[PDB]
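Participant:
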Amino acid sequence: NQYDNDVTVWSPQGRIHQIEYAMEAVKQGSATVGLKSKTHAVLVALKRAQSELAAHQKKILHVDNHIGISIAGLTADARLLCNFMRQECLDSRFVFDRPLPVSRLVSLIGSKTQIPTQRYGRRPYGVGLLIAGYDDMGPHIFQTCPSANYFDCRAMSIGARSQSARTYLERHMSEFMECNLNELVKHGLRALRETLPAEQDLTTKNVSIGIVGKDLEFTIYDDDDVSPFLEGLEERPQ
Amino acid sequence: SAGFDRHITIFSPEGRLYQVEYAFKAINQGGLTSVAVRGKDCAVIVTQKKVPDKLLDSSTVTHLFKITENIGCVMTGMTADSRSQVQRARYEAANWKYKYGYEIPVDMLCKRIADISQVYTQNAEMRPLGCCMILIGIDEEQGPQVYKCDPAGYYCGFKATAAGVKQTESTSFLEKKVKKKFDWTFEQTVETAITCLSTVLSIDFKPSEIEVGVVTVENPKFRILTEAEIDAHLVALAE
Amino acid sequence: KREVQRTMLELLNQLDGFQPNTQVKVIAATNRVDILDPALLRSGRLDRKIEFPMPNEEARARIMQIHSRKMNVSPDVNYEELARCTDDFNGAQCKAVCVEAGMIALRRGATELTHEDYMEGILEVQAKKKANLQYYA
Amino acid sequence: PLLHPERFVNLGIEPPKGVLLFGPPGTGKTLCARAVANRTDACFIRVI
Amino acid sequence: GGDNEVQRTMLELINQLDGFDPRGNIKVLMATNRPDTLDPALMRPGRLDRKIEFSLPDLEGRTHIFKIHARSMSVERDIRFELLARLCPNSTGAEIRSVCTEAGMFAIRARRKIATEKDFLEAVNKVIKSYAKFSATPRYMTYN
Amino acid sequence: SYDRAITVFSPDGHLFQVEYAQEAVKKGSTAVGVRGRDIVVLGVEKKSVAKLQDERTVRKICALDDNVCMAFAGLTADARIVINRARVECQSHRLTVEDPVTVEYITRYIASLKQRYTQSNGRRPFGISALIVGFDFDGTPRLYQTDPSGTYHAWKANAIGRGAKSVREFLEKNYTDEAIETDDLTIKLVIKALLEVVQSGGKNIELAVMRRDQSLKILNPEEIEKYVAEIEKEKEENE
Amino acid sequence: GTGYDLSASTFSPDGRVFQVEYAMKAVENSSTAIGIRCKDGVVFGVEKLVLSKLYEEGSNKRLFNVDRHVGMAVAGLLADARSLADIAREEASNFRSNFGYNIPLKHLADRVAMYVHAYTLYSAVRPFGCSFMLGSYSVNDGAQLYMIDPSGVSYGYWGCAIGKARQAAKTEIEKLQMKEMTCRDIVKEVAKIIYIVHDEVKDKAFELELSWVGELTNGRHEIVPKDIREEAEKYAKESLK
Amino acid sequence: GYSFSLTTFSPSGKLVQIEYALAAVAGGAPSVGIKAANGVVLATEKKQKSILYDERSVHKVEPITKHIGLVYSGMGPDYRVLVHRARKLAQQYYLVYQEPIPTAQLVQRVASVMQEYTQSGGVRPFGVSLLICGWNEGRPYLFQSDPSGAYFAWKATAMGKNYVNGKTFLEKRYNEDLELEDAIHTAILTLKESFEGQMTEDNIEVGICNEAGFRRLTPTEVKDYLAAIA
Amino acid sequence: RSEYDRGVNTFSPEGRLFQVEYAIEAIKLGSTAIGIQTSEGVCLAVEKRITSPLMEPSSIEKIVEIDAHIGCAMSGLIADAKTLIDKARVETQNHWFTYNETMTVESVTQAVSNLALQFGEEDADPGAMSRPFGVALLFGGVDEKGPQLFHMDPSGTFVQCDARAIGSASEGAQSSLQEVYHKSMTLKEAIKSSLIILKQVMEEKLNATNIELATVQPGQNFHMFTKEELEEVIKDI
Ligand SMILES: Nc1ncnc2c1ncn2[C@@H]1O[C@H](COP(=O)(O)OP(=O)(O)OP(=O)(O)O)[C@@H](O)[C@H]1O
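Residue numbers (UniProt numbering), protein chains in the order written: chain S, 4 to 241; chain X, 6 to 244; chain D, 294, 304 to 439; chain G, 194 to 241; chain C, 290 to 433; chain L, 2 to 240; chain Y, 5 to 245; chain F, 5 to 234; chain V, 5 to 241.
(1) Assign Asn159 (chain L) to buried or exposed, taking buried as 16 or more other Cβ atoms, counted over all protein chains shown, within 10 Å of its Cβ.
(2) Helix, strand or coil: how does DSSP classify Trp156 (chain L) here?
(3) Going straight from the alpha carbon of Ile206 (chain L) to that of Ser424 (chain C), what length do you get?
(4) Does the beta carbon of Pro81 (chain F) sit closer than 7 Å to a beta carbon anywhere in chain X?
(5) Could you run through the segment 83 to 105 of chain Y and flag, in chain order, every residue whose CB is less than 7 Å away from some CB of chain S?
(6) Quick one: which residues of the segment 346 to 362 of chain D get their C-beta closer than 7 Å to a C-beta of chain S? List them in chain order.
(7) Starting from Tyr152 (chain X), follow the beta strand (DSSP E) in both directions and report where the run begins and ends.
(8) Check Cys148 (chain S) in the structure and name its three-state DSSP category.
(9) Compare the C-alpha of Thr48 (chain F) against each of F:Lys39, F:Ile55, F:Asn42 and F:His63 and name the closest.
(10) Answer yes or no: the CB of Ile341 (chain C) versus the heavy atoms of ligand 1, is any distance below 6 Å?
(11) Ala74 (chain L) and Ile161 (chain L) - do their beta-carbons sit closer together than 7 Å?
(12) Strictly by DSSP, which residues pair up with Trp216 (chain Y)?
(13) Could you give the residue range of the alpha helix (DSSP H) that holds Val98 (chain L)?
(14) What does DSSP give as the partner residue(s) for residue 469 (chain C) in the beta ladder?
(15) Quick one, which residues of the segment 146 to 169 of chain V are near chain D if we go by CB-CB under 8 Å, in chain order?
(16) Is there a Cβ of chain F sitting closer than 7 Å to that of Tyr159 (chain X), yes or no?
(17) Strictly by DSSP, which residues pair up with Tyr76 (chain F)?
(18) So which residues on chain G does residue 299 (chain D) lean against when the C-beta distance must stay under 7 Å?
(19) Classify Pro218 (chain G) as buried or exposed, calling it buried when 16 or more other Cβ atoms lie within 10 Å of its own Cβ.
(20) To which residues does DSSP link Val45 (chain L) through a beta bridge?
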């Protein structure tokens with residue numbers, strides 16, 4: 004197939020294959036989940052460990068007081084995007100002195116990621132994101148995509164082995180709204196557990212949490228800070 | 006031969022720019038036709054308009070453009086490329102008027118467009134813009150003037166010309182007519198053009214099926230003809 | 294496109319300008335049709351040609367459902383997602399996906415299949431050998 | 194599958210009935226084939 | 290169409306393998322060095338459901354193969370197999386057998402009764418870093 | 002992966018283009034260098050004058066600065082360019098910091114230049130492997146050797162060019178603190194080193210000795226003949 | 005035809021570009037979007053598809069406001085469309101700044117179209133993969149409607165449909181008397197048209213997006229207010245049964 | 005294998021693309037140039053594909069300056085391009101030195117610009133060849149230039165289609181010495197040698213380069229010369 | 005493989021980005037290095053792997069001093085290592101100048117990574133060369149947070165690791181470390197274990213000139229190469 008090597012060539016069926024390959028790249032990462040009540044947006048991530056000794060990779064990145072990010076896919080693209088995001092939020096605060104609405108930020112990210120799919124000269128950004136924020140219109144959980152397409156998801160999960168997570172979210176999608184913070188977090192990490200294989204179980208080492216609330220600046224919990232949430236969670240069904 | 010020299014604008018054994026050659030086939034790809042004629046004191050352009058779907062503002066579909074108050078143009082071939090070339094021509098006419106202080110003679114404008122096309126074909130990284138153009142105007146002390154361009158950058162002045170799919174038959178018929186001795190009065194010119202188009206296509210078109218644009222020495226303004234007037238001319242041609 | 307030539311001539315004349323009645327019907331299947339002689343199809347000879355397109359995502363999911371009917375599949379499975387992932391596949395490949403997912407489940411001792419099993423099967427049939435590739439967290 | 198078809202029948206799973214071994218030369222595919230032939234306890238047929 | 294005979298033979302083979310009513314108890318194995326040349330008809334699953342790829346053994350596999358081969362040899366117990374397995378980056382078990390034989394022959398040439406690590410590492414140099422390895426081997430002053 | 006690109010890796014990981022570049026160096030005339038206790042010497046084959054040609058133009062040993070000398074092996078034009086850049090760099094460095102360049106600094110600079118040319122496509126790496134030597138302030142002998150890949154090293158004594166392998170083996174076998182006791186001993190060491198590979202030419206040798214901190218003086222052929230006579234006399238004596 | 009379609013800067017022996025042709029084929033596969041023009045204003049109707057049931061309502065809207073007095077409906081690669089929208093919005097902004105009044109729709113539709121066409125002239129950049137419509141209204145000029153395709157040709161329409169079932173939509177639009185109906189009544193029909201061509205069996209759930217412009221909105225573009233879309237949608241279902 | 009890019013060398017000979025451009029030049033309208041004792045003459049065939057075309061619209065011999073003519077063979081648009089360039093160069097020289105450009109300098113400048121397009125890249129070389137008249141300093145000049153960038157200096161030549169026959173006839177007829185009128189007769193004769201169809205006052209273009217400035221001949225004069233035998 | 009290796013601007017059907025796996029493989033042909041972090045400090049051991057007696061052993065620089073409290077060990081292409089080391093030193097000095105303090109180990113590793121990530125951004129710092137770098141680094145240093153050991157890879161990823169081994173023979177060294185390490189180690193014990201592992205891995209018998217060792221502990225500066233102590237350390241073992 005000679006229609007596959009470049010991103011600026013249309014397939015005879017009307018497709019750009021490099022985009023599908025970036026989709027796969029996003030599939031290459033690990034799992035990640037996001038939920039939102041009326042008040043809080045909670046995004047949970049499962050982080051791998053390259054070896055036993057090394058410390059698990061970071062999966063949640065602090066972007067602003069009201070904006071938090073989970074990544075899956077290429078690390079380089081993740082870091083570049085995170086830098087872009089941080090810079091844009093800072094400029095908005097400097098010029099207007101107000102938090103940047105999540106939707107405008109996601110729109111900017113899409114407009115930036117689109118260009119590499121059009122002009123030959125750089126690969127499409129191969130990283131999928133979960134953006135959890137709180138603005139005047141309450142919480143938001145957006146999900147971007149290497150194709151420069153973004154979605155306003157009420158509860159979404161992306162990454163390797165995320166189908167089970169999505170099915171669980173849909174099944175219990177009804178009551179995610181009125182639930183409090185603790186219940187929301189419990190649902191999120193229960194979904195993540197569902198993504199985990201049968202043997203392994205969630206532990207205070209390989210799970211990280213991020214929360215942005217109506218009155219709560221974005222906070223990242225890892226290691227012992229996560230024990231309060233995990234403890235009390237229902238035993239894994241068998 | 007062909008097989009290697011058929012992807013970029015570079016020479017071939019028995020020097021042959023195949024790309025510019027393919028541009029002309031692209032021009033024919035439109036599926037239309039046009040005919041221009043030059044009279045004693047007038048010039049006429051005729052084209053066939055094909056609205057295939059009723060849900061379409063017939064006014065918005067047109068192939069006669071006004072390059073300048075006195076200079077009229079008709080385009081043929083790929084639509085978007087023709088529009089781009091038309092815009093370039095308008096720009097060049099405006100620039101000439103601004104810099105030198107008088108309306109651009111038709112021949113010079115045609116030359117400018119030809120030069121642009123030539124520079125495009127010489128250097129790579131730009132498609133040859135496969136659309137052909139015909140210009141009509143009135144030049145003081147020179148009478149009516151008709152000129153034609155081509156994507157290859159060649160241009161020339163004509164006494165009568167055709168473009169599009171039926172170019173060859175139309176031009177043969179026009180030559181047959183021209184070798185005959187006629188005065189070519191305004192009515193005569195329009196009748197000749199419409200007759201040539203009809204005979205080439207054998208259609209006996211209704212008054213909404215074709216567009217006409219004429220420039221006359223009495224009123225150098227390039228005026229697009231209206232349905233009533235074209236219908237009157239057509240019936241008169243039927244006698 | 304000489305024994306084979308004689309045989310094809312025999313069959314052709316057998317079906318050529320003969321059997322005006324419809325009491326006898328034949329179906330000929332070809333893996334590829336570019337080496338079959340044009341005389342075969344002709345016009346009044348084999349004009350009935352049935353192209354078989356490449357199964358589509360909906361068709362692929364339907365095929366997996368068909369072949370998985372006997373299997374003990376947990377309802378959670380999402381055939382639509384599997385079809386979306388399984389690009390440029392055929393019925394045989396889908397059947398292989400089903401049977402080999404069943405094999406994976408048996409290997410791990412599972413009583414019933416699961417979406418992850420089908421994903422593993424799809425990755426396996428092409429022999430992709432999925433593994434953690436670093437620089438991808 | 195040949196020794197204990199009961200397990201396969203339980204889940205209604207069919208043996209592949211055919212395997213293609215491939216890889217760069219010298220891997221041992223022929224070695225593995227002869228090895229399994231040692232413990233086959235059934236008729237094994239090579240080819241020429 | 291000079292291959293028509295082999296082609297028809299293969300077509301008969303594949304047809305008898307699968308299609309209509311096969312026996313269903315015929316376990317078929319196939320070994321080819323370059324499957325890419327194989328036709329679509331045979332490679333399509335159903336006829337050949339399983340695909341077992343035999344890749345180059347990893348480090349641990351190489352250590353295991355070294356231990357398996359060398360056990361019969363008469364050698365001092367102090368040799369580090371893992372070192373050797375590392376020294377052969379990507380080599381099939383055939384090369385491991387070759388280096389075992391080469392080390393034994395080196396020992397014989399020295400009129401010795403037991404092989405030592407030196408025998409093994411020079412054998413390795415012979416069977417791997419001596420055929421095509423000679424480019425950056427002397428000018429390794431690029432990697433440190 | 003393949004070789005027709007500087008900036009492409011291989012499944013093994015090599016950058017084949019630069020490995021190929023090293024062969025050009027390997028194909029040049031031999032050069033040798035040794036670092037004494039108070040003297041630094043280098044010698045070159047520099048053979049085969051073409052009957053009707055001058056020799057003052059064919060230069061293989063050149064002085065970068067009043068306290069740093071250099072001798073190369075590889076493509077001649079590339080050597081010329083590198084030498085010119087090194088000289089300009091030495092003077093500029095003395096301009097910005099009013100201290101003479103230490104040999105290590107200039108070796109690092111040259112290696113960086115070669116690496117930069119190795120960096121990207123559209124630029125062919127230098128097919129040159131130089132050999133720098135000299136003294137710096139505080140008067141410490143030093144010898145450095147660079148490679149087209151952009152890496153450099155310090156040696157007590159080393160050789161490059163064709164037959165550099167045999168010369169290197171001989172040096173490592175013979176180099177000892179005794180051989181460095183006096184200047185003449187080092188000169189004789191280098192002379193015999195070259196003799197081991199330059200055949201019995203004798204007149205196909207050019208030796209540049211930077212005695213401590215005076216100047217890079219090129220030995221007159223007669224002196225080389227004298228030293229060769231001494232070497233042969235000693236060889237006869239020990240036999 | 006192979007060997008000639010790897011880039012948009014090459015001509016086929018038959019004399020035609022192929023990348024442009026491929027792009028058009030990439031748009032046809034998109035979901036439908038129809039727009040018809042009433043005497044007093046213009047109406048757009050889009051058939052957005054719902055995926056995964058997890059997307060918040062109104063996700064990735066396919067109706068945009070390039071300007072307060074202009075609209076846009078898109079079909080094809082959404083990512084590309086969004087890029088065009090910002091180009092349009094910028095294009096209108098410059099016009100107002102440079103001249104000082106709302107941009108005529110006919111002119112803007114031309115300027116944006118030129119942009120799309122310019123992307124099918126170079127081998128470095130692929131042609132756009134989205135076809136979109138434009139609509140506006142104003143007392144000075146009256147209702148207007150335009151359509152644009154990847155090739156970059158912009159004709160003005162009385163009723164247009166772009167997407168999978170453009171044929172079925174156009175077929176149904178023809179039997180409406182757009183030349184004389186009031187835009188309020190048009191809305192009811194547009195709902196019916198989409199539902200007729202929806203093909204619920206082979207596409208699953210969908211959301212009906214509707215857009216308004218006309219003297220009913222004082223020459224302003226805004227989505228049809230809820231409780232009107234509800235009425236039309238209720239009627240559309242009724243007509244189906 | 006090679007002969008696609010104007011950069012790489014053949015594995016023996018020379019670049020090919022330039023040779024192919026020369027070939028394109030060969031298959032063009034006939035042209036003839038005769039350097040007389042006291043002037044220069046240029047002639048070219050100018051036949052339209054039909055009677056519709058206007059023969060007074062586009063010319064093939066053009067004045068670069070008051071005393072430097074120019075005729076071409078090969079493609080036309082390139083001829084327009086480099087005639088414009090040559091006019092620019094002549095004007096620049098006049099501005100700098102306040103003196104009419106001597107012909108040789110113009111020829112070499114034009115050759116430089118022409119070879120400029122043969123350098124690397126996608127910029128294909130000119131597919132035309134030029135003959136230049138000129139009467140500076142008191143003696144006529146006739147130069148030829150080609151896409152290769154080399155410029156010769158002929159006494160009398162003919163290029164384009166069937167140039168071999170023209171060259172043979174030229175070396176047969178023109179000896180060394182003629183006036184402008186006899187040179188014109190020889191030139192029209194040479195064109196007729198290979199010209200197809202009856203020649204008229206409108207089929208061919210003729211220009212002269214004297215000690216009054218280069219000038220193109222009007223249809224009446226060319227008709228007169230065409231008459232009177234020859 | 006099946007194509008897609010000719011550049012870093014093309015994905016694969018499985019999404020993998022070749023020309024990065026290959027760069028990772030590149031480091032596999034360097035001399036092994038080991039780094040162990042304990043409460044008392046960070047110890048780095050490396051196999052010098054000399055080739056010819058003539059060459060000065062010091063010229064083979066495998067363990068550089070990034071700063072008074074940050075040391076680095078590299079294994080891969082030498083030129084890439086040199087460029088990265090220079091970047092780290094420059095950026096440390098710049099940070100000290102602007103904020104008048106000593107930069108953390110994590111910050112230095114991340115600053116280097118930001119340069120290592122820019123393969124083909126087309127608007128990168130002068131350290132971008134289209135192809136990825138081919139060197140893996142180990143940074144060890146004592147900062148406000150105690151002793152820290154960070155590992156890098158050409159992809160740009162970096163990670164904290166208490167015990168690590170890189171370069172040719174990294175696999176076996178990692179396997180050993182995984183079973184000899186325990187959080188309550190003492191710097192002397194860590195050094196002895198590192199040496200025992202290293203010598204067990206290398207083919208050549210351990211010698212005072214074979215290896216290079218360095219250590220950084222809270223009280224002391226990095227500038228302790230244990231030069232001429234190597235003899236003592238080895239002969240105790
Ligand atoms: N552990 C091992 N793994 C693999 N091969 C081994 C091993 N130990 C020894 N070998 C030798 O490796 C060789 C691999 O050859 P194999 O059995 O693949 O046949 P072959 O002649 O290589 O055919 P092909 O090249 O097509 O595989 C055998 O001769 C086998 O004895």
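All C-beta atoms, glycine included, are put in the ideal place defined by N, C-alpha and C.
Facilitator: Judging by the given coordinates:
(1) buried
(2) strand
(3) 30 Å
(4) yes
(5) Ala83, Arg86, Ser87 and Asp90
(6) none
(7) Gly148 to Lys153
(8) coil
(9) F:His63
(10) no
(11) yes
(12) Y:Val47 and Y:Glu226
(13) Premise fails: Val98 (chain L) is in no alpha helix (DSSP H) and is neither H nor E.
(14) This structure cannot settle anything about residue 469 (chain C), because the visible part of chain C is limited to 290 through 433.
(15) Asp157, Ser159, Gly160 and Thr161
(16) yes
(17) F:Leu134
(18) Here chain D breaks off after 294 and picks up again at 304, leaving residue 299 (chain D) without coordinates.
(19) exposed
(20) L:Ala32 and L:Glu207
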